[PDB]
Amino acid sequence: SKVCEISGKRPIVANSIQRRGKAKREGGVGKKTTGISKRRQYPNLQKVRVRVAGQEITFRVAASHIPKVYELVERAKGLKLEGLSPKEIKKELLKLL
Amino acid sequence: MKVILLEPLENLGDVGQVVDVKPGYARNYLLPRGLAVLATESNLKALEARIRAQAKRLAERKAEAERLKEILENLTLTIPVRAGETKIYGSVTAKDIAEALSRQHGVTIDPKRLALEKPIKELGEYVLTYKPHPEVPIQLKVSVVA
RNA sequence: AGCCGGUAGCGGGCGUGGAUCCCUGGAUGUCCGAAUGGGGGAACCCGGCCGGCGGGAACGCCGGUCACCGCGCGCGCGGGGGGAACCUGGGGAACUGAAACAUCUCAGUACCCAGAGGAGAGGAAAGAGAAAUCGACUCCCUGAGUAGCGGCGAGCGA
RNA sequence: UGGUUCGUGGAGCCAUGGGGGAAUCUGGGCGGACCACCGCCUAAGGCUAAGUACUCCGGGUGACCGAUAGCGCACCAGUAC
RNA sequence: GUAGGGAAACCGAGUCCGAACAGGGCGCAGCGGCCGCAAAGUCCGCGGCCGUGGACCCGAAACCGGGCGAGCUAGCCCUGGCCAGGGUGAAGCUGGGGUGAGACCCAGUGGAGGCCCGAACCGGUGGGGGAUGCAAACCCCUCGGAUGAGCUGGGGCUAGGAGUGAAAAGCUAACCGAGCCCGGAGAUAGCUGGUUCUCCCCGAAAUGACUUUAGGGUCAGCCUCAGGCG
RNA sequence: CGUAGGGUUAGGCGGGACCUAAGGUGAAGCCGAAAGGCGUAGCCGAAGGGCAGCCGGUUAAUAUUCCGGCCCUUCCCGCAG
RNA sequence: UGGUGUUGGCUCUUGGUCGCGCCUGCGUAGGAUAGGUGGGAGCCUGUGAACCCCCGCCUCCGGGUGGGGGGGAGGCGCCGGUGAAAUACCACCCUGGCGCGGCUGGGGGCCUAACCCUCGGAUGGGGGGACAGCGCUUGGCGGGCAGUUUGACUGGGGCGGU
RNA sequence: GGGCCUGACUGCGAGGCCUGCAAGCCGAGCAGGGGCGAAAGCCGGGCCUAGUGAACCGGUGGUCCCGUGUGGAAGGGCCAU
RNA sequence: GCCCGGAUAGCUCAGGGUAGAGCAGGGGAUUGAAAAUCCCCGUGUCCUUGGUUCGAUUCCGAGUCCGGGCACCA
Ligand SMILES: [Mg+2]
Ligand SMILES: [Mg+2]
Ligand SMILES: [Mg+2]
Ligand SMILES: [Mg+2]
Ligand SMILES: [Mg+2]
Ligand SMILES: [Mg+2]
Ligand SMILES: [Mg+2]
Ligand SMILES: [Mg+2]
Ligand SMILES: [Mg+2]
Ligand SMILES: [Mg+2]
Ligand SMILES: [Mg+2]
Ligand SMILES: [Mg+2]
Ligand SMILES: [Mg+2]
Ligand SMILES: [Mg+2]
Ligand SMILES: [Mg+2]
Ligand SMILES: [Mg+2]
Ligand SMILES: [Mg+2]
Ligand SMILES: [Mg+2]
Ligand SMILES: [Mg+2]
Ligand SMILES: [Mg+2]
Ligand SMILES: [Mg+2]
Ligand SMILES: [Mg+2]
Ligand SMILES: [Mg+2]
Ligand SMILES: [Mg+2]
Ligand SMILES: [Mg+2]
Ligand SMILES: [Mg+2]
Ligand SMILES: [Mg+2]
Ligand SMILES: [Mg+2]
Ligand SMILES: [Mg+2]
Ligand SMILES: [Mg+2]
Ligand SMILES: [Mg+2]
Ligand SMILES: [Mg+2]
Ligand SMILES: [Mg+2]
Ligand SMILES: [Mg+2]
Ligand SMILES: [Mg+2]
Ligand SMILES: [Mg+2]
Ligand SMILES: [Mg+2]
Ligand SMILES: [Mg+2]
Ligand SMILES: [Mg+2]
Ligand SMILES: [Mg+2]
Ligand SMILES: [Mg+2]
Ligand SMILES: [Mg+2]
Ligand SMILES: [Mg+2]
Ligand SMILES: [Mg+2]
Ligand SMILES: [Mg+2]
Ligand SMILES: [Mg+2]
Ligand SMILES: [Mg+2]
Ligand SMILES: [Mg+2]
Ligand SMILES: [Mg+2]
Ligand SMILES: [Mg+2]
Ligand SMILES: [Mg+2]
Ligand SMILES: [Mg+2]
Ligand SMILES: [Mg+2]
Ligand SMILES: [Mg+2]
Ligand SMILES: [Mg+2]
Ligand SMILES: [Mg+2]
Ligand SMILES: [Mg+2]
Ligand SMILES: [Mg+2]
Ligand SMILES: [Mg+2]
Ligand SMILES: [Mg+2]
Ligand SMILES: [Mg+2]
Ligand SMILES: [Mg+2]
Ligand SMILES: [Mg+2]
Ligand SMILES: [Mg+2]
Ligand SMILES: [Mg+2]
Ligand SMILES: [Mg+2]
Ligand SMILES: [Mg+2]
Ligand SMILES: [Mg+2]
Ligand SMILES: [Mg+2]
Ligand SMILES: [Mg+2]
Ligand SMILES: [Mg+2]
Ligand SMILES: [Mg+2]
Ligand SMILES: [Mg+2]
Ligand SMILES: [Mg+2]
Ligand SMILES: [Mg+2]
Ligand SMILES: [Mg+2]
Ligand SMILES: [Mg+2]
Ligand SMILES: [Mg+2]
Ligand SMILES: [Mg+2]
Ligand SMILES: [Mg+2]
Ligand SMILES: [Mg+2]
Ligand SMILES: [Mg+2]
Ligand SMILES: [Mg+2]
Ligand SMILES: [Mg+2]
Ligand SMILES: [Mg+2]
Ligand SMILES: [Mg+2]
Ligand SMILES: [Mg+2]
Ligand SMILES: [Mg+2]
Ligand SMILES: [Mg+2]
Ligand SMILES: [Mg+2]
Ligand SMILES: [Mg+2]
Ligand SMILES: [Mg+2]
Ligand SMILES: [Mg+2]
Ligand SMILES: [Mg+2]
Ligand SMILES: [Mg+2]
Ligand SMILES: [Mg+2]
Ligand SMILES: [Mg+2]
Ligand SMILES: [Mg+2]
Ligand SMILES: [Mg+2]
Ligand SMILES: [Mg+2]
Ligand SMILES: [Mg+2]
Ligand SMILES: [Mg+2]
Ligand SMILES: [Mg+2]
Ligand SMILES: [Mg+2]
Ligand SMILES: [Mg+2]
Ligand SMILES: [Mg+2]
Ligand SMILES: [Mg+2]
Ligand SMILES: [Mg+2]
Ligand SMILES: [Mg+2]
Ligand SMILES: [Mg+2]
Ligand SMILES: [Mg+2]
Ligand SMILES: [Mg+2]
Ligand SMILES: [Mg+2]
Ligand SMILES: [Mg+2]
Ligand SMILES: [Mg+2]
Ligand SMILES: [Mg+2]
Ligand SMILES: [Mg+2]
Ligand SMILES: [Mg+2]
Ligand SMILES: [Mg+2]
Ligand SMILES: [Mg+2]
Ligand SMILES: [Mg+2]
Ligand SMILES: [Mg+2]
Ligand SMILES: [Mg+2]
Ligand SMILES: [Mg+2]
Ligand SMILES: [Mg+2]
Ligand SMILES: [Mg+2]
Ligand SMILES: [Mg+2]
Ligand SMILES: [Mg+2]
Ligand SMILES: [Mg+2]
Ligand SMILES: [Mg+2]
Ligand SMILES: [Mg+2]
Ligand SMILES: [Mg+2]
Ligand SMILES: [Mg+2]
Ligand SMILES: [Mg+2]
Ligand SMILES: [Mg+2]
Ligand SMILES: [Mg+2]
Ligand SMILES: [Mg+2]
Ligand SMILES: [Mg+2]
Ligand SMILES: [Mg+2]
Ligand SMILES: [Mg+2]
Ligand SMILES: [Mg+2]
Ligand SMILES: [Mg+2]
Ligand SMILES: [Mg+2]
Ligand SMILES: [Mg+2]
Ligand SMILES: [Mg+2]
Ligand SMILES: [Mg+2]
Ligand SMILES: [Mg+2]
Ligand SMILES: [Mg+2]
Ligand SMILES: [Mg+2]
Ligand SMILES: [Mg+2]
Ligand SMILES: [Mg+2]
Ligand SMILES: [Mg+2]
Ligand SMILES: [Mg+2]
Ligand SMILES: [Mg+2]
Ligand SMILES: [Mg+2]
Ligand SMILES: [Mg+2]
Ligand SMILES: [Mg+2]
Ligand SMILES: [Mg+2]
Ligand SMILES: [Mg+2]
Ligand SMILES: [Mg+2]
Ligand SMILES: [Mg+2]
Ligand SMILES: [Mg+2]
Ligand SMILES: [Mg+2]
Ligand SMILES: [Mg+2]
Ligand SMILES: [Mg+2]
Ligand SMILES: [Mg+2]
Ligand SMILES: [Mg+2]
Ligand SMILES: [Mg+2]
Ligand SMILES: [Mg+2]
Ligand SMILES: [Mg+2]
Ligand SMILES: [Mg+2]
Ligand SMILES: [Mg+2]
Ligand SMILES: [Mg+2]
Ligand SMILES: [Mg+2]
Ligand SMILES: [Mg+2]
Ligand SMILES: [Mg+2]
Ligand SMILES: [Mg+2]
Ligand SMILES: [Mg+2]
Ligand SMILES: [Mg+2]
Ligand SMILES: [Mg+2]
Ligand SMILES: [Mg+2]
Ligand SMILES: [Mg+2]
Ligand SMILES: [Mg+2]
Ligand SMILES: [Mg+2]
Ligand SMILES: [Mg+2]
Ligand SMILES: [Mg+2]
Ligand SMILES: [Mg+2]
Ligand SMILES: [Mg+2]
Ligand SMILES: [Mg+2]
Ligand SMILES: [Mg+2]
Ligand SMILES: [Mg+2]
Ligand SMILES: [Mg+2]
Ligand SMILES: [Mg+2]
Ligand SMILES: [Mg+2]
Ligand SMILES: [Mg+2]
Ligand SMILES: [Mg+2]
Ligand SMILES: [Mg+2]
Ligand SMILES: [Mg+2]
Ligand SMILES: [Mg+2]
Ligand SMILES: [Mg+2]
Ligand SMILES: [Mg+2]
Ligand SMILES: [Mg+2]
Ligand SMILES: [Mg+2]
Ligand SMILES: [Mg+2]
Ligand SMILES: [Mg+2]
Ligand SMILES: [Mg+2]
Ligand SMILES: [Mg+2]
Ligand SMILES: [Mg+2]
Ligand SMILES: [Mg+2]
Ligand SMILES: [Mg+2]
Ligand SMILES: [Mg+2]
Ligand SMILES: [Mg+2]
Ligand SMILES: [Mg+2]
Ligand SMILES: [Mg+2]
Ligand SMILES: [Mg+2]
Ligand SMILES: [Mg+2]
Ligand SMILES: [Mg+2]
Ligand SMILES: [Mg+2]
Ligand SMILES: [Mg+2]
Ligand SMILES: [Mg+2]
Ligand SMILES: [Mg+2]
Ligand SMILES: [Mg+2]
Ligand SMILES: [Mg+2]
Ligand SMILES: [Mg+2]
Ligand SMILES: [Mg+2]
Ligand SMILES: [Mg+2]
Ligand SMILES: [Mg+2]
Ligand SMILES: [Mg+2]
Ligand SMILES: [Mg+2]
Ligand SMILES: [Mg+2]
Ligand SMILES: [Mg+2]
Ligand SMILES: [Mg+2]
Ligand SMILES: [Mg+2]
Ligand SMILES: [Mg+2]
Ligand SMILES: [Mg+2]
Ligand SMILES: [Mg+2]
Ligand SMILES: [Mg+2]
Ligand SMILES: [Mg+2]
Ligand SMILES: [Mg+2]
Ligand SMILES: [Mg+2]
Ligand SMILES: [Mg+2]
Ligand SMILES: [Mg+2]
Ligand SMILES: [Mg+2]
Ligand SMILES: [Mg+2]
Ligand SMILES: [Mg+2]
Ligand SMILES: [Mg+2]
């Protein structure tokens with residue numbers, strides 16, 4: 001899952017820490033680390049289809065910024081849009097950011 | 001997710017009212033079918049801009065009717081006809097009552113807005129009903145004479 | 001006042017009417033190469049359009065123009081590739097040390113990638129931290145192997 | 001999860017992949033869990049010389065080498081092979 | 001450096017443990033006639049040794065990163081080529097026989113097959129030779145397959161914990177139980193080897209305790225030098 | 001082998017200005033931290049398809065190439081049907 | 001594999017806490033169906049009584065009760081008899097039931113519009129369908145793979161012994 | 001064998017044994033508050049030599065020593081186990 | 001160390017107003033018996049100690065023993 005086109009959220013590198021033992025605060029000797037290795041945390045990317053000036057535009061977006069898509073659809077009502085292709089439309093909708 | 005209904009909808013609300021729905025129902029159903037719009041702030045005052053006009057435009061329709069109920073309830077359109085003892089040879093229609101008003105008092109009147117189902121064939125004093133705007137009706141005193 | 005590079009000789013020339021030679025600007029600059037008309041096993045092969053040359057229409061040569069991508073109202077402008085180290089960002093080992101070994105160490109180092117520029121990063125407090133105080137950021141000394149962190153081991157370290 | 005001296009520790013701070021999701025100064029963040037009090041500072045927009053680094057390049061200088069040394073190459077060397 | 005004691009608050013030539021004025025721990029105090037010399041300490045130089053660094057020099061078998069190889073070899077893909085000559089004689093067909101019709105029988109024809117013999121071609125069984133070779137796998141005699149799961153040219157694809165494998169851990173450019181090159185890198189080596197002028201004095205140990213320790217270490221023992229005591 | 005001089009002649013032979021095969025590449029499109037990985041048509045890709053020359057003579061050295069004899073292909077323009 | 005996001009519409013029937021309703025509560029003595037306690041000689045009835053019918057009903061099968069169609073001057077308490085606890089009316093509540101309202105969670109039936117597949121026709125038709133896929137998080141199986149560990153003494157080492 | 005009892009003490013400890021270290025062992029006497037004995041005196045477990053495990057990490061009772069601007073708190077320290 | 005359990009007759013298991021039931025054991029009926037079957041019969045501090053109530057299997061508390069489960073191990 002690549003990149004949110006609205007927020008620019010992208011996959012980040014994380015660790016995955018494996019622990020044994022009873023935490024000190026529960027009365028145990030404490031926690032011991034039995035493995036640390038690398039992994040990727042991904043943005044929850046989804047498709048959002050909307051029709052703008054009679055053209056289907058598809059966004060790859062983190063579920064965080066889903067309502068931001070419709071916001072740009074509003075702000076495009078003052079724009080002169082008809083005649084352009086679904087590519088040029090998406091460009092305009094994004095420069096409003 | 002509050003949105004603005006643009007159509008009365010089954011167990012949601014009346015057009016112009018703002019109600020709450022789950023997001024999926026909104027952005028995947030109500031919105032692409034024109035059935036509503038999201039209740040942003042931009043098209044929120046836009047809604048207050050319409051309830052404002054309609055309030056004042058409907059009150060002007062009530063205020064102009066009064067600027068004629070005052071007149072018409074303070075006068076007598078007198079219609080001289082040709083008649084024998086009681087019954088007229090011709091008749092006086094709303095059209096006649098209309099043009100006769102424009103003749104004497106010069107008030108312009110819509111004859112189709114006058115409560116006359118049968119043309120008038122008998123001398124006397126009549127008080128009829130004039131409804132320019134409903135719930136604001138006028139009682140016109142009109143004297144027909146030979 | 002000599003000169004036609006190393007480089008002498010053969011055979012021929014130039015210079016006080018200022019050469020050779022040294023500096024700056026300019027002109028020329030085959031083909032390949034980011035390579036960019038298109039193709040291709042780099043330095044080869046094959047085209048469109050405009051103008052020219054030959055007896056020239058076929059054929060060939062000469063000059064000009066023609067890639068992709070981005071950005072602004074078909075026209076412009078910009079991008080590409082390279083550069084000894086140095087710099088920022090995105091990824092990121094292991095031997096080794098712990099006299100075995102896994103947490104820890106080596107080290108965010110080696111290396112890969114993107115980008116930058118003569119530097120780059122950073123930078124004008126939602127800061128510091130106890131001074132009733134200071135007053136952007138960067139770099140050097142000191143603070144200090146301190147405070148602390150640590151299978152409280154080996155070590156790490158403001 | 002990462003960063004910091006901080007390896008889960010009483011673990012704050014800065015950064016953020018997921019979920020929930022505010023207010024405009026009588027708003028908000030910080031002073032190492034947390035609460036009070038007392039103070040510090042104004043987040044989610046951008047730019048900014050100089051002092052810093054390096055040495056393909058040019059010059060100056062060595063209690064630097066002197067042809068098995070000094071650069072791999074003093075010489076037609078990143079060559080012959 | 002000039003004050004230490006205590007985990008600390010803290011006190012201070014003291015302090016901590018303690019109820020203590022108890023007891024104990026760790027601490028506290030120049031030579032000569034105000035002048036001079038010496039000295040705590042500290043600064044710089046020199047020397048021995050220790051810590052961190054590759055740390056006396058040379059040497060692994062290996063681990064890891066980024067690249068380079070399928071012109072050798074293995075499999076597959078696309079497109080071409082090659083297999084003298086001879087021998088055997090399946091099915092089917094035709095005719096004859098047979099029967100109620102058949103099954104089936106004989107003859108002829110026919111030309112099948114991981115069929116047979118044997119060159120080219122592809123192999124490499126036994127023996128001998130070669131063994132600083134003609135050759136880092138060859139030569140001679142002999143022997144297997146030779147229409148097939150056949151052999152072979154040109155164009156291609158698949159690679160390093162990965163390929164490919166009628167399976168041998170085979171092969172992946174003349175050593176593959178994990179290729180090659182450059183890099184981390186002077187990896188690490190408690191092991192083995194090596195360690196360069198002269199003279200003078202002294203002079204060991206191969207034991208004990210503990211040790212994932214036993215051919216390695218830490219302390220003690222034994223050697224040496226300096227200052228002091230006598 | 002050393003030094004010098006000379007020698008390779010094509011519309012028809014082979015390849016190109018022709019076609020496609022595996023495969024490679026790749027406007028559309030799809031995917032991946034970056035580098036990049038895919039991908040229909042299209043383009044490239046040959047010892048496969050396609051396409052018009054045979055015999056003799058000559059040089060120290062080239063010959064279906066030069067020469068001789070006899071044949072043929074495509075492109076342009078013109079005339080005729 | 002649970003929670004959650006992407007993720008929506010309509011129903012059916014549930015359950016768990018919270019507020020209120022109305023009661024269910026029958027060992028033995030006894031009038032009879034005695035929750036626990038306390039208050040209290042008056043609660044009632046035209047602001048519908050002593051009897052007939054539907055039943056919500058729960059019945060311990062003896063009885064409890066409501067709202068309806070019955071109904072046009074009547075009830076039961078103090079008194080008590082035996083009680084550990086007197087009965088009426090009123091209330092604070094326990095063990096329990098459900099009528100209603102709150103958040104809720106659970107399953108089940110359907111739908112289409114997200115998302116997925118398909119359709120020479122693609123702002124559309126068809127099928128799957130809020131499942132699947134994909135994101136963050138939970139626990140588990142996991143030599144397919146990775147990093148490693150697998151002691152010493154020893155009349156050689158192993159085995160044995162220590 | 002019996003009576004009374006809890007010294008199977010608290011705060012310390014001259015001086016020694018043993019010994020590479022670290023440990024192990026024996027100890028008179030002073031103070032607090034006690035048991036027994038008329039008293040002298042004895043008693044800091046057991047005739048004696050085996051019946052044991054350094055540190056790290058954490059639990060529990062106490063102490064009120066530290067408490068990250070300040071008052072608390074979180075968390076440590078100390079004594080005991 | 002923490003939560004959930006149990007104990008009831010000889011073995012097993014059921015349980016605010018009872019002390020239960022089955023199997024083992026006793027005789028009696030029954031056959032050639034080995035039986036099944038039929039019968040009647042016993043076997044309790046319900047672990048113990050406080051408390052609850054008018055009362056105690058229950059309910060509470062607290063200890064004893066034995067079951068389960070959880071986490072831990074310097
Ligand atoms: Mg994790
Ligand atoms: Mg605690
Ligand atoms: Mg841990
Ligand atoms: Mg830890
Ligand atoms: Mg990993
Ligand atoms: Mg998507
Ligand atoms: Mg969507
Ligand atoms: Mg749509
Ligand atoms: Mg979010
Ligand atoms: Mg959200
Ligand atoms: Mg913004
Ligand atoms: Mg008329
Ligand atoms: Mg000359
Ligand atoms: Mg000359
Ligand atoms: Mg002159
Ligand atoms: Mg001049
Ligand atoms: Mg020039
Ligand atoms: Mg080009
Ligand atoms: Mg090209
Ligand atoms: Mg031209
Ligand atoms: Mg000419
Ligand atoms: Mg021309
Ligand atoms: Mg040309
Ligand atoms: Mg051109
Ligand atoms: Mg590039
Ligand atoms: Mg550049
Ligand atoms: Mg860097
Ligand atoms: Mg970085
Ligand atoms: Mg790696
Ligand atoms: Mg590591
Ligand atoms: Mg390691
Ligand atoms: Mg290792
Ligand atoms: Mg090291
Ligand atoms: Mg090691
Ligand atoms: Mg080691
Ligand atoms: Mg090892
Ligand atoms: Mg290691
Ligand atoms: Mg590590
Ligand atoms: Mg290192
Ligand atoms: Mg590190
Ligand atoms: Mg980096
Ligand atoms: Mg480097
Ligand atoms: Mg500068
Ligand atoms: Mg700068
Ligand atoms: Mg500012
Ligand atoms: Mg300020
Ligand atoms: Mg600062
Ligand atoms: Mg100030
Ligand atoms: Mg300033
Ligand atoms: Mg510093
Ligand atoms: Mg200091
Ligand atoms: Mg640390
Ligand atoms: Mg460390
Ligand atoms: Mg660290
Ligand atoms: Mg570090
Ligand atoms: Mg820092
Ligand atoms: Mg850190
Ligand atoms: Mg952290
Ligand atoms: Mg960390
Ligand atoms: Mg922290
Ligand atoms: Mg924050
Ligand atoms: Mg967040
Ligand atoms: Mg405001
Ligand atoms: Mg404020
Ligand atoms: Mg506020
Ligand atoms: Mg903040
Ligand atoms: Mg602060
Ligand atoms: Mg805070
Ligand atoms: Mg604070
Ligand atoms: Mg501040
Ligand atoms: Mg600011
Ligand atoms: Mg900031
Ligand atoms: Mg800048
Ligand atoms: Mg300036
Ligand atoms: Mg600067
Ligand atoms: Mg330098
Ligand atoms: Mg220089
Ligand atoms: Mg120089
Ligand atoms: Mg010299
Ligand atoms: Mg030399
Ligand atoms: Mg040299
Ligand atoms: Mg020499
Ligand atoms: Mg030398
Ligand atoms: Mg050089
Ligand atoms: Mg050399
Ligand atoms: Mg050089
Ligand atoms: Mg040399
Ligand atoms: Mg050379
Ligand atoms: Mg101290
Ligand atoms: Mg004290
Ligand atoms: Mg004292
Ligand atoms: Mg003392
Ligand atoms: Mg001195
Ligand atoms: Mg020495
Ligand atoms: Mg030393
Ligand atoms: Mg080294
Ligand atoms: Mg080093
Ligand atoms: Mg070394
Ligand atoms: Mg050294
Ligand atoms: Mg390794
Ligand atoms: Mg390994
Ligand atoms: Mg590699
Ligand atoms: Mg390669
Ligand atoms: Mg091959
Ligand atoms: Mg090959
Ligand atoms: Mg073929
Ligand atoms: Mg053959
Ligand atoms: Mg044949
Ligand atoms: Mg044959
Ligand atoms: Mg044959
Ligand atoms: Mg024969
Ligand atoms: Mg024969
Ligand atoms: Mg035959
Ligand atoms: Mg035939
Ligand atoms: Mg036959
Ligand atoms: Mg024949
Ligand atoms: Mg045959
Ligand atoms: Mg055969
Ligand atoms: Mg044969
Ligand atoms: Mg054969
Ligand atoms: Mg055979
Ligand atoms: Mg061969
Ligand atoms: Mg052989
Ligand atoms: Mg062979
Ligand atoms: Mg033989
Ligand atoms: Mg042999
Ligand atoms: Mg050999
Ligand atoms: Mg041979
Ligand atoms: Mg032979
Ligand atoms: Mg032979
Ligand atoms: Mg043979
Ligand atoms: Mg044979
Ligand atoms: Mg043969
Ligand atoms: Mg054969
Ligand atoms: Mg044959
Ligand atoms: Mg074949
Ligand atoms: Mg082949
Ligand atoms: Mg082939
Ligand atoms: Mg071949
Ligand atoms: Mg090939
Ligand atoms: Mg393959
Ligand atoms: Mg491959
Ligand atoms: Mg490998
Ligand atoms: Mg590798
Ligand atoms: Mg494999
Ligand atoms: Mg094979
Ligand atoms: Mg090789
Ligand atoms: Mg090789
Ligand atoms: Mg090989
Ligand atoms: Mg091998
Ligand atoms: Mg290996
Ligand atoms: Mg390996
Ligand atoms: Mg190897
Ligand atoms: Mg090889
Ligand atoms: Mg090689
Ligand atoms: Mg390299
Ligand atoms: Mg390097
Ligand atoms: Mg290293
Ligand atoms: Mg080395
Ligand atoms: Mg090693
Ligand atoms: Mg060794
Ligand atoms: Mg030696
Ligand atoms: Mg001496
Ligand atoms: Mg001697
Ligand atoms: Mg000895
Ligand atoms: Mg010894
Ligand atoms: Mg040991
Ligand atoms: Mg050993
Ligand atoms: Mg041994
Ligand atoms: Mg050993
Ligand atoms: Mg050794
Ligand atoms: Mg020693
Ligand atoms: Mg001695
Ligand atoms: Mg001696
Ligand atoms: Mg000595
Ligand atoms: Mg001496
Ligand atoms: Mg002496
Ligand atoms: Mg020659
Ligand atoms: Mg020639
Ligand atoms: Mg010709
Ligand atoms: Mg052409
Ligand atoms: Mg083509
Ligand atoms: Mg594209
Ligand atoms: Mg990736
Ligand atoms: Mg590409
Ligand atoms: Mg590609
Ligand atoms: Mg393709
Ligand atoms: Mg073409
Ligand atoms: Mg082509
Ligand atoms: Mg190609
Ligand atoms: Mg081609
Ligand atoms: Mg061809
Ligand atoms: Mg063909
Ligand atoms: Mg051909
Ligand atoms: Mg041809
Ligand atoms: Mg011909
Ligand atoms: Mg000639
Ligand atoms: Mg020839
Ligand atoms: Mg010829
Ligand atoms: Mg000719
Ligand atoms: Mg014509
Ligand atoms: Mg999951
Ligand atoms: Mg869901
Ligand atoms: Mg359905
Ligand atoms: Mg649909
Ligand atoms: Mg569709
Ligand atoms: Mg559809
Ligand atoms: Mg559909
Ligand atoms: Mg459907
Ligand atoms: Mg459904
Ligand atoms: Mg789902
Ligand atoms: Mg979760
Ligand atoms: Mg997991
Ligand atoms: Mg396993
Ligand atoms: Mg393994
Ligand atoms: Mg598996
Ligand atoms: Mg393996
Ligand atoms: Mg071990
Ligand atoms: Mg051994
Ligand atoms: Mg031995
Ligand atoms: Mg032995
Ligand atoms: Mg022995
Ligand atoms: Mg022996
Ligand atoms: Mg022996
Ligand atoms: Mg053994
Ligand atoms: Mg006694
Ligand atoms: Mg007494
Ligand atoms: Mg002593
Ligand atoms: Mg000792
Ligand atoms: Mg002992
Ligand atoms: Mg005493
Ligand atoms: Mg006494
Ligand atoms: Mg006494
Ligand atoms: Mg006494
Ligand atoms: Mg004593
Ligand atoms: Mg210990
Ligand atoms: Mg430790
Ligand atoms: Mg501790
Ligand atoms: Mg405590
Ligand atoms: Mg305090
Ligand atoms: Mg504080
Ligand atoms: Mg306070
Ligand atoms: Mg305080
Ligand atoms: Mg504490
Ligand atoms: Mg504590
Ligand atoms: Mg505390």
Side-chain angles (χ1 to χ4, degrees), chain A residues 1-86 88-94 96-97, chain B residues 1-15 17-42 44-45:
Chain A
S1 322
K2 271 189 110 342
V3 167
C4 174
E5 312 178 334
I6 301 308
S7 63
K9 269 184 198 166
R10 94 167 28 234
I12 68 154
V13 191
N15 275 334
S16 169
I17 315 196
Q18 302 297 337
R19 305 184 186 270
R20 288 172 160 208
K22 220 200 290 223
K24 270 164 200 190
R25 61 156 52 198
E26 296 167 18
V29 279
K31 306 292 305 185
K32 296 300 198 172
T33 299
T34 199
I36 281 181
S37 76
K38 281 175 170 290
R39 54 157 298 197
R40 300 188 78 173
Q41 299 185 319
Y42 289 87
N44 193 14
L45 256 106
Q46 306 291 332
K47 292 177 181 283
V48 171
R49 293 186 300 120
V50 295
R51 176 164 290 266
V52 179
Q55 300 281 52
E56 188 190 329
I57 317 301
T58 11
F59 287 84
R60 299 165 91 251
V61 71
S64 357
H65 295 34
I66 279 189
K68 206 86 208 307
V69 173
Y70 298 99
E71 179 178 326
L72 293 174
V73 161
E74 308 291 71
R75 313 253 284 273
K77 255 128 107 181
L79 257 59
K80 315 199 316 159
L81 282 207
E82 279 90 347
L84 303 142
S85 82
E88 296 137 82
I89 295 190
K90 184 154 176 182
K91 292 195 303 180
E92 312 303 330
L93 281 167
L94 282 177
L96 296 175
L97 294 168
Chain B
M1 176 137 294
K2 288 185 254 54
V3 300
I4 288 188
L5 272 48
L6 308 185
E7 299 211 341
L9 209 73
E10 30 123 286
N11 278 74
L12 254 186
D14 175 52
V15 46
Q17 193 200 339
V18 191
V19 297
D20 241 303
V21 290
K22 284 148 187 148
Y25 193 43
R27 56 174 117 261
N28 297 310
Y29 179 79
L30 301 159
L31 271 63
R33 289 188 203 243
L35 299 183
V37 176
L38 55 169
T40 62
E41 186 204 82
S42 96
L44 211 60
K45 336 166 116 177

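Heavy-atom basis, side chains included; hydrogens, waters and symmetry copies ignored. Numbered from 1 within each chain, the chains take letters A, B, ... in sequence-line order.
- Counting any heavy atom pair closer than 4.0 Å across all strands shown, A:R20 reaches no nucleic acid atom.
- Contact annotation: A:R19 reaches the phosphate of D:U8 (side-chain N/O to OP1 or OP2, under 4.0 Å).
- Taking 4.0 angstrom as the limit, A:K31 places none of its side-chain polar atoms (N or O) nearer than this to OP1 or OP2 of D:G9.
- A 3.5 Å limit on both hydrogen-bonding distances identifies F:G56 as the Watson-Crick or G-U partner of F:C67.
- When both pairing distances are held under 3.5 Å, D:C54 makes no Watson-Crick or G-U pair with any nucleotide shown.
- Using a 4.0 Å cut-off, some side-chain N or O of A:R39 falls inside it from OP1 or OP2 of G:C136.
- Just one residue in the list A:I57, A:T58, A:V69 forms a side chain to side chain contact (heavy atoms under 4.5 Å, CB included) with A:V48, and that residue is A:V69.
- Using Watson-Crick or G-U wobble geometry with both donor-acceptor distances under 3.5 Å, G:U37 finds its partner in G:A91.
- OP1 or OP2 of F:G32 has not a single side-chain nitrogen or oxygen of A:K2 nearer than 4.0 Å.
- Rounded to whole Å, atom P of D:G3 lies 8 Å from atom CG of A:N15.
- One atom, CG of B:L31, and another, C1' of G:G8, lie 13 Å apart when rounded to the nearest Å.
- Checking side-chain atoms of A:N44 against main-chain N and O of A:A63 turns up no donor-acceptor pair under 3.5 Å.
- You'll find the side chain of B:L9 reaches within 4.5 Å of the side chain of B:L30, heavy atoms only.
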